[PDB]
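Notes for the one structure printed next.
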Amino acid sequence: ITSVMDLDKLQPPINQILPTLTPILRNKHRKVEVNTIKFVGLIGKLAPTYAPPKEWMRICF
Amino acid sequence: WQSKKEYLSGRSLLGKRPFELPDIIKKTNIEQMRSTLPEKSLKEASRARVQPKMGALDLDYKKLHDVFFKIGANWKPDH
Amino acid sequence: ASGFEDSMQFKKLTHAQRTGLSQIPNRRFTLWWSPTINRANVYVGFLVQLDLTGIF
Amino acid sequence: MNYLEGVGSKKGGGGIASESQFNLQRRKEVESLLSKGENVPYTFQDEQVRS
Amino acid sequence: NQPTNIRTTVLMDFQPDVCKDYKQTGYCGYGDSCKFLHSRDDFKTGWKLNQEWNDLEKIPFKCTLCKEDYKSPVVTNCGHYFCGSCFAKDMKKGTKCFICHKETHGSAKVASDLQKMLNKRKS
Ligand SMILES: [Mg+2]
Ligand SMILES: [Zn+2]
Ligand SMILES: [Zn+2]
Ligand SMILES: [Zn+2]
């Protein structure tokens, strides 16, 4: 939905989505880690400006 | 060849010095910011992953670019 | 809850994480019974309103 | 009233640390024991009498 | 059957129960046991992405050469503006803008659009 639809008009919005994903990266398994890392990297491309840079550093770890 | 020694064997290699950055690069000041030659409790490290801390190097981007391009354009190794 | 407990994590849990009890089932019990457990008819008690809600 | 339990946590950061980090710690201490604590110097350091 | 005649003052509850470690970091030490919310909100697009690694008036009215009113005005391939006497004199020395230092090539338009926007009546 996110890649297809415009970011600005996403309902949740993005700035509320991204901090919900960072604790999901700790979810082990694979289906979650794979599908998440593709979602987080999407936002790195499309909307980098939302989460503050100390949030991107919490993801890099 | 004809040496059973394996080409590189110690006697000279015992005393080889670690590495010296070329002088032009050493101008970029990195030598001071990260001291490699020659600390953090494991608890304090795991606290850094969660916090984290920003602006560790304080390197200047304009200076780095010029060393390779503007100032060190024609810099070529000595020998 | 009997389903998925095994695979949470293994080595990683901190003492509280591993030993302590989850508040999550009690919260489920007090949501389901909320309108009795929270009712205005009470003998003695004082009204408060939550910050941004209209819930007393 | 969950104080009945008796576990707790400090309010700082994110605890356990990563298995790779434990090995680095454990292989330094093992080389401290067997070494009997001596500092074996680097070859370039320009010579604390050694054992 | 709450009594008929009573006014009870609402007392706001201002304390949110948000867990301050999980709000900031996204990791809470206590885990599923934590007595608080864990809800994780973040601010509002504060940051502007500028990379160091890689009715505005832009028209000065008095000249950059005369420092006087534009007379016989001049346009370049920029938005530069000069007097007919101005621009001709700069090329006697300078190759480029008195401002950009881009290539003018001595190219100068009659700038009447200036006199327009320097009219009170525009065009
Ligand atoms: Mg305590
Ligand atoms: Zn918590
Ligand atoms: Zn002039
Ligand atoms: Zn110009």
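Going by the structure tokens order, chains are called A, B, ..., each with residues numbered from 1, while ligands are numbered from 1 in the order shown.
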Give me, as a list in words, the set of residues whose atoms come within 8 Å of any atom of ligand 2, counting only C-alpha atoms and all ligand atoms.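 Taking only C-alpha atoms and all ligand atoms into account, the residues around ligand 2 at most 8 Å away are residues 18, 19, 20, 21, 22, 27, 28, 29, 30, 31, 32, 33, 34, 35, 36, 37 and 38 of chain E.
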Using only C-alpha atoms and all ligand atoms, which protein or nucleic acid residues are at most 7 Å from ligand 1, as a list in words?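 Taking only C-alpha atoms and all ligand atoms into account, the residues around ligand 1 at most 7 Å away are residues 8, 9 and 10 of chain D.
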Could you save those same residues with C-alpha atoms as a short mmCIF file (atom, residue, chain, number, x, y, z; two decimals), in the first residue's frame?
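Heads up, here's the output in out_23.cif:
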data_model
loop_
_atom_site.label_atom_id
_atom_site.label_comp_id
_atom_site.auth_asym_id
_atom_site.auth_seq_id
_atom_site.Cartn_x
_atom_site.Cartn_y
_atom_site.Cartn_z
CA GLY D 8 12.92 -5.56 38.56
CA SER D 9 14.89 -3.49 36.12
CA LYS D 10 17.13 -0.50 36.05
#
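The list of chain B residues within 7 Å of chain A is residues 49, 50 and 52 of chain B; this uses only C-alpha atoms.
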The selected residues should be written to file as a compact mmCIF listing (two decimals), in the first residue's frame (atoms: N, CA, C and O atoms).
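Saved to again32.txt:
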# COMPACT_ATOMS: atom_id res chain seq x y z
N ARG B 49 23.54 1.36 21.97
CA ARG B 49 22.71 0.93 20.84
C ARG B 49 21.33 1.49 20.92
O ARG B 49 20.67 1.71 19.93
N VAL B 50 20.89 1.70 22.14
CA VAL B 50 19.54 2.16 22.40
C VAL B 50 19.45 3.65 22.40
O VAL B 50 18.48 4.19 21.90
N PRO B 52 21.05 6.16 20.70
CA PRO B 52 22.49 6.34 20.53
C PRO B 52 23.07 7.70 20.54
O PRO B 52 22.39 8.60 20.86
List as a ChimeraX atom specification the protein and nucleic acid residues lying within 6 Å of ligand 3, with only C-alpha atoms and all ligand atoms counted. /E:63,65-66,68,70,82-83,86
Which protein, DNA or RNA residues have an atom within 12 Å of ligand 4, counting only C-alpha atoms and all ligand atoms, as a list in words?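 The residues near ligand 4 are residues 58, 75, 76, 77, 78, 79, 80, 81, 82, 87, 95, 96, 97, 98, 99, 100, 101, 102, 103, 104, 105, 106, 107 and 108 of chain E.
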Take the residues from that selection and write them out as a short mmCIF file (atom, residue, chain, number, x, y, z; two decimals), in the first residue's frame, keeping N, CA and C atoms.
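This is the output file again.cif:
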data_model
loop_
_atom_site.label_atom_id
_atom_site.label_comp_id
_atom_site.auth_asym_id
_atom_site.auth_seq_id
_atom_site.Cartn_x
_atom_site.Cartn_y
_atom_site.Cartn_z
N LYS E 58 14.62 40.24 -5.71
CA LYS E 58 15.99 39.93 -6.13
C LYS E 58 16.54 41.04 -7.02
N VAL E 75 19.27 43.86 -19.61
CA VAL E 75 19.11 42.49 -19.13
C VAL E 75 20.21 41.63 -19.74
N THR E 76 20.68 40.65 -18.97
CA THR E 76 21.63 39.67 -19.45
C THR E 76 20.95 38.31 -19.53
N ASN E 77 21.72 37.28 -19.86
CA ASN E 77 21.20 35.92 -19.79
C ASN E 77 20.87 35.49 -18.37
N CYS E 78 21.37 36.23 -17.39
CA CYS E 78 20.89 36.11 -16.01
C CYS E 78 19.65 36.98 -15.83
N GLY E 79 19.29 37.21 -14.57
CA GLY E 79 18.38 38.29 -14.24
C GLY E 79 19.11 39.58 -13.90
N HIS E 80 20.37 39.69 -14.32
CA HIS E 80 21.17 40.88 -14.06
C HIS E 80 20.52 42.12 -14.66
N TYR E 81 20.75 43.27 -14.05
CA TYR E 81 20.17 44.51 -14.53
C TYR E 81 21.16 45.65 -14.35
N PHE E 82 21.36 46.44 -15.40
CA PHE E 82 22.35 47.52 -15.37
C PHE E 82 21.86 48.69 -16.22
N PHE E 87 26.86 48.34 -18.14
CA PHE E 87 27.26 47.04 -18.66
C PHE E 87 28.40 47.17 -19.65
N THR E 95 35.24 39.93 -17.49
CA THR E 95 34.74 38.98 -18.48
C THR E 95 33.29 38.57 -18.22
N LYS E 96 32.86 38.68 -16.96
CA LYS E 96 31.67 38.01 -16.48
C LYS E 96 30.78 38.96 -15.67
N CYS E 97 29.77 38.41 -15.01
CA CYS E 97 28.87 39.23 -14.21
C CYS E 97 29.66 40.04 -13.19
N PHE E 98 29.16 41.22 -12.87
CA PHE E 98 29.60 41.91 -11.66
C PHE E 98 29.09 41.18 -10.41
N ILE E 99 28.18 40.22 -10.59
CA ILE E 99 27.51 39.54 -9.49
C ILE E 99 27.75 38.02 -9.53
N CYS E 100 27.14 37.32 -10.48
CA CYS E 100 27.38 35.88 -10.64
C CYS E 100 28.85 35.56 -10.88
N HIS E 101 29.48 36.35 -11.74
CA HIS E 101 30.68 35.94 -12.47
C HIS E 101 30.40 34.72 -13.35
N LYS E 102 29.24 34.74 -14.02
CA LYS E 102 28.94 33.82 -15.11
C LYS E 102 29.24 34.52 -16.44
N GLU E 103 29.18 33.77 -17.53
CA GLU E 103 29.56 34.31 -18.82
C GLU E 103 28.42 35.14 -19.41
N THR E 104 28.67 36.44 -19.54
CA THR E 104 27.72 37.36 -20.16
C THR E 104 27.86 37.38 -21.67
N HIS E 105 29.09 37.21 -22.16
CA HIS E 105 29.41 37.33 -23.58
C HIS E 105 29.13 38.73 -24.11
N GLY E 106 29.09 39.72 -23.22
CA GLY E 106 28.67 41.05 -23.62
C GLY E 106 27.21 41.14 -24.04
N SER E 107 26.45 40.05 -23.85
CA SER E 107 25.07 39.98 -24.31
C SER E 107 24.16 40.78 -23.38
N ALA E 108 23.45 41.74 -23.96
CA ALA E 108 22.61 42.64 -23.19
C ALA E 108 21.31 42.92 -23.92
#
Exercise answer, chain C residues close to chain A, 9 Å and only C-alpha atoms, as a VMD selection string: chain C and resid 7 to 9
Proximal residues of chain E relative to chain A (only C-alpha atoms; 9 Å) as a compact mmCIF listing (two decimals) with C-alpha atoms, in the first residue's frame:
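Result went into out33.txt, see below:
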# COMPACT_ATOMS: atom_id res chain seq x y z
CA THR E 25 14.16 4.15 22.66
CA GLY E 26 11.65 1.51 21.61
CA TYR E 27 13.11 -0.92 24.08
CA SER E 39 2.74 3.27 23.09
CA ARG E 40 5.41 4.79 20.84
CA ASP E 41 4.83 8.18 19.27
CA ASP E 42 7.28 10.45 17.48
CA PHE E 43 7.26 14.12 16.64
CA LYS E 44 6.46 15.92 13.39
CA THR E 45 8.86 16.08 10.44
CA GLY E 46 11.18 18.48 12.30
CA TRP E 47 14.31 17.73 10.34
CA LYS E 48 15.29 19.22 6.98
CA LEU E 49 17.54 17.13 4.75
Using only C-alpha atoms, find the residues of chain B whose closest atom to chain E is at most 12 Å away, then write them as a list in words.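 Going by the stated atoms only, the list reads residues 46, 47, 48, 49, 50, 51, 52, 59, 60, 61, 62, 63, 64, 65 and 66 of chain B.
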Could you tell me how far atom CA of residue B:56 lies from atom CA of residue B:30, in Å and to one decimal?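 Here the two named atoms are 11.6 Å from each other.
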Using only C-alpha atoms, what does the table of chain C residues within 9 Å of chain D look like, with each row giving the shortest atom pair and its distance in Å to one decimal, sorted by chain and ascending number, as JSON lines?
{"residue": "C:11", "atom": "CA", "partner": "D:16", "partner_atom": "CA", "distance": 8.4}
{"residue": "C:12", "atom": "CA", "partner": "D:16", "partner_atom": "CA", "distance": 5.7}
{"residue": "C:13", "atom": "CA", "partner": "D:16", "partner_atom": "CA", "distance": 6.9}
{"residue": "C:14", "atom": "CA", "partner": "D:16", "partner_atom": "CA", "distance": 6.3}
{"residue": "C:15", "atom": "CA", "partner": "D:7", "partner_atom": "CA", "distance": 7.1}
{"residue": "C:16", "atom": "CA", "partner": "D:8", "partner_atom": "CA", "distance": 5.5}
{"residue": "C:17", "atom": "CA", "partner": "D:9", "partner_atom": "CA", "distance": 8.9}
{"residue": "C:19", "atom": "CA", "partner": "D:7", "partner_atom": "CA", "distance": 7.3}
{"residue": "C:20", "atom": "CA", "partner": "D:7", "partner_atom": "CA", "distance": 6.5}
{"residue": "C:21", "atom": "CA", "partner": "D:5", "partner_atom": "CA", "distance": 8.3}
Kindly indicate which residue among D:49, D:24, D:1, D:30 lies nearest to chain B, using only C-alpha atoms for the distances.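 Once distances to chain B are computed over only C-alpha atoms, the minimum belongs to D:24.
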For residue C:42, find every residue with an atom within 12 Å (counting only C-alpha atoms), except residues of its own chain fewer than 4 positions away, and show them as a list in words.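 Counting only the stated atoms, we get residues 36, 37, 38, 46 and 47 of chain C; 1, 2 and 3 of chain E.
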Please produce a file of those selected residues containing N, CA and C atoms, as a PDB file, in the first residue's frame.
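After the write, out_13.pdb holds the following:
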ATOM      1  N   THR C  36     -18.728  -2.522  34.691  1.00  0.00           N
ATOM      2  CA  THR C  36     -19.014  -2.642  36.122  1.00  0.00           C
ATOM      3  C   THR C  36     -17.858  -2.134  36.987  1.00  0.00           C
ATOM      4  N   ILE C  37     -16.630  -2.475  36.647  1.00  0.00           N
ATOM      5  CA  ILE C  37     -15.517  -2.112  37.489  1.00  0.00           C
ATOM      6  C   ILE C  37     -15.374  -0.628  37.480  1.00  0.00           C
ATOM      7  N   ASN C  38     -15.880   0.023  36.453  1.00  0.00           N
ATOM      8  CA  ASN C  38     -15.925   1.484  36.430  1.00  0.00           C
ATOM      9  C   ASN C  38     -17.357   1.833  36.189  1.00  0.00           C
ATOM     10  N   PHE C  46     -14.035   9.723  43.521  1.00  0.00           N
ATOM     11  CA  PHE C  46     -14.009  11.033  42.888  1.00  0.00           C
ATOM     12  C   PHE C  46     -13.786  10.919  41.396  1.00  0.00           C
ATOM     13  N   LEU C  47     -14.555  11.727  40.652  1.00  0.00           N
ATOM     14  CA  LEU C  47     -14.413  11.872  39.209  1.00  0.00           C
ATOM     15  C   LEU C  47     -13.064  12.423  38.780  1.00  0.00           C
TER      16      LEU C  47
ATOM     17  N   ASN E   1     -28.294   4.827  40.888  1.00  0.00           N
ATOM     18  CA  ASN E   1     -29.154   6.042  41.091  1.00  0.00           C
ATOM     19  C   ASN E   1     -28.367   7.152  41.775  1.00  0.00           C
ATOM     20  N   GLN E   2     -27.530   7.819  40.996  1.00  0.00           N
ATOM     21  CA  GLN E   2     -26.629   8.840  41.525  1.00  0.00           C
ATOM     22  C   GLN E   2     -27.474  10.024  41.969  1.00  0.00           C
ATOM     23  N   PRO E   3     -27.138  10.648  43.113  1.00  0.00           N
ATOM     24  CA  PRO E   3     -28.069  11.601  43.729  1.00  0.00           C
ATOM     25  C   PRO E   3     -28.450  12.745  42.821  1.00  0.00           C
TER      26      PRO E   3
END
If you run DSSP over the backbone, which residues in chain A end up alpha helix (DSSP H)? Put them as a ChimeraX atom specification. /A:14-21,31-46,53-60
Go ahead and save the picked residues with C-alpha atoms, as a short mmCIF file (atom, residue, chain, number, x, y, z; two decimals), in the first residue's frame.
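Listed below is the output, out_26.cif:
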data_model
loop_
_atom_site.label_atom_id
_atom_site.label_comp_id
_atom_site.auth_asym_id
_atom_site.auth_seq_id
_atom_site.Cartn_x
_atom_site.Cartn_y
_atom_site.Cartn_z
CA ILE A 14 4.31 7.59 8.06
CA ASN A 15 5.84 9.38 11.02
CA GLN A 16 3.57 7.22 13.19
CA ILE A 17 4.39 4.06 11.26
CA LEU A 18 8.14 4.00 11.35
CA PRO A 19 8.64 4.05 15.11
CA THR A 20 6.27 1.05 15.32
CA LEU A 21 8.51 -1.00 13.11
CA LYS A 31 9.00 -13.64 7.40
CA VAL A 32 8.94 -10.69 9.78
CA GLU A 33 12.58 -9.66 9.38
CA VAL A 34 12.51 -9.89 5.58
CA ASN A 35 9.18 -8.13 5.07
CA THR A 36 10.14 -5.44 7.58
CA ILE A 37 13.59 -4.62 6.22
CA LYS A 38 11.97 -4.10 2.84
CA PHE A 39 9.45 -1.77 4.45
CA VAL A 40 11.99 0.24 6.42
CA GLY A 41 14.27 0.65 3.42
CA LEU A 42 11.27 1.84 1.45
CA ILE A 43 10.90 4.78 3.79
CA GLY A 44 14.63 5.47 3.62
CA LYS A 45 14.15 6.03 -0.10
CA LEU A 46 10.79 7.76 -0.17
CA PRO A 53 18.10 10.93 12.78
CA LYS A 54 18.54 9.29 16.18
CA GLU A 55 15.75 6.97 15.06
CA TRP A 56 17.64 5.98 11.93
CA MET A 57 20.62 5.24 14.13
CA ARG A 58 18.47 2.97 16.32
CA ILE A 59 17.73 1.03 13.15
CA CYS A 60 21.36 0.86 12.02
#
Give me the residues near stretch 38-45 of chain D as a PyMOL selection string, where near means some atom within 8 Å (using only C-alpha atoms) and where sequence neighbours in that chain fewer than 5 positions away do not count. (chain B and resi 14-18) or (chain D and resi 32+50-51)
Please produce a file of those selected residues containing N, CA and C atoms, as an mmCIF file, in the first residue's frame.
data_model
loop_
_atom_site.group_PDB
_atom_site.id
_atom_site.type_symbol
_atom_site.label_atom_id
_atom_site.label_comp_id
_atom_site.auth_asym_id
_atom_site.auth_seq_id
_atom_site.Cartn_x
_atom_site.Cartn_y
_atom_site.Cartn_z
ATOM 1 N N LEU B 14 59.389 -9.712 10.885
ATOM 2 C CA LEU B 14 59.198 -9.469 12.298
ATOM 3 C C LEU B 14 59.079 -7.995 12.633
ATOM 4 N N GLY B 15 59.887 -7.174 11.993
ATOM 5 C CA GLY B 15 59.967 -5.787 12.363
ATOM 6 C C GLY B 15 59.299 -4.801 11.439
ATOM 7 N N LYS B 16 58.292 -5.210 10.676
ATOM 8 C CA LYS B 16 57.663 -4.263 9.785
ATOM 9 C C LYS B 16 56.656 -3.405 10.534
ATOM 10 N N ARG B 17 56.678 -2.107 10.247
ATOM 11 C CA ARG B 17 55.931 -1.087 10.981
ATOM 12 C C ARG B 17 54.484 -1.070 10.523
ATOM 13 N N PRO B 18 53.521 -0.569 11.361
ATOM 14 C CA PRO B 18 52.161 -0.908 10.976
ATOM 15 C C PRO B 18 51.603 -0.278 9.703
ATOM 16 N N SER D 32 43.909 -13.527 29.239
ATOM 17 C CA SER D 32 44.471 -12.877 30.423
ATOM 18 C C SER D 32 44.868 -13.911 31.450
ATOM 19 N N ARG D 50 59.867 -7.765 31.151
ATOM 20 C CA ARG D 50 58.957 -8.797 30.691
ATOM 21 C C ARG D 50 59.192 -10.043 31.558
ATOM 22 N N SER D 51 58.190 -10.904 31.682
ATOM 23 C CA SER D 51 58.364 -12.134 32.459
ATOM 24 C C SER D 51 59.479 -12.973 31.867
#
